[PDB]
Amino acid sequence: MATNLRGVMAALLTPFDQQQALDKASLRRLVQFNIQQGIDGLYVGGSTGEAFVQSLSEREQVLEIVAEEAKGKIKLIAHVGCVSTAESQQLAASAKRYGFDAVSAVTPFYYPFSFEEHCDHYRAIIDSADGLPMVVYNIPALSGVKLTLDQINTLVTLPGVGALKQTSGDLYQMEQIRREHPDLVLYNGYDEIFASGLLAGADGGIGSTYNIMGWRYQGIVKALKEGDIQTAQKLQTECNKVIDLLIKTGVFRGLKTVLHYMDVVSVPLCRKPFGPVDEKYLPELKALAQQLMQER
């Protein structure tokens, strides 16, 4: 329990003010909001935190604030991944300094790197993490890095690796990974297939939509555990109706907008080049916020 990384953890968003600068008050409220809905932990500084349109110092600032707000209360995973190994190492040392429970890193992107280079990249970050377990992060759709099962097996067995965030819709691979690593902490990465992901082998998940309805994902975990398939499907379907909308509106901004209507986020903007939410979607987003507040 004190070291268990298994569970449902929200990929934290980064609230910005009207000038696109970090909105500290809103970030703090969002952390507390997540804690209150029973989330098992937070995954900070990942794609959802818009880490790739932030500087290193901005990412460290977010990590420090989240730790001050949640260290101890819930599990905290710091995504310290950058294309550069040196930058990733800096964030890793900061994560340990702030007291995070683990670090994570997306496979470095843009430039093509050999598998050996990817491996050494993880080794170097693990070294700088000084004891904090590493969560390998596989997300081919965004990184453009396509790993084979054998390569995934090598990565998750590297000394210091304690988990894999599997953002892949391939549930054959999900099952194969579980079969080869019975003890590996395996996070389902695509919210829209959470239930099927757990059935295939995942033992938890990390996702953007958990910020506004994490309790539903927890409900799916419970349902499957109790053999209540109908309830598991019902909850997954409700999550997917929401995901359908967010994909149309733009996921991060759609989520921030809902959080704004829930009195959590002051200004629902994402950083440029991300544009604002199209006015035509506001009625549905407001209705959703209203519904989630009633439900919860």
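The first residue of the sequence shown is number 1, and the count goes up from there.
When the C-alpha B-factors of 99-107 and 145-153 are averaged, 145-153 comes out higher. When the mean C-alpha temperature factors of 159-167 and 218-226 are read from the deposited coordinates, 218-226 comes out higher.
The maximum CA B-factor among the listed residues 136, 193, 74, 91, taken from the PDB record, is found at 74. In the PDB entry, a CA B factor belonging to the highest third of its chain's modelled residues is recorded for residue 130. Looking at the C-alpha B-factors along this chain, the one for residue 239 belongs to the middle third. Per the deposited record, the Cα B-factor of residue 9 falls in the middle third when ranked against the other modelled residues of its chain. Ranked by C-alpha B-factor against the other modelled residues of its chain, residue 42 falls in the lowest third. Among all modelled residues in its chain, residue 267 ranks in the highest third by Cα B-factor.
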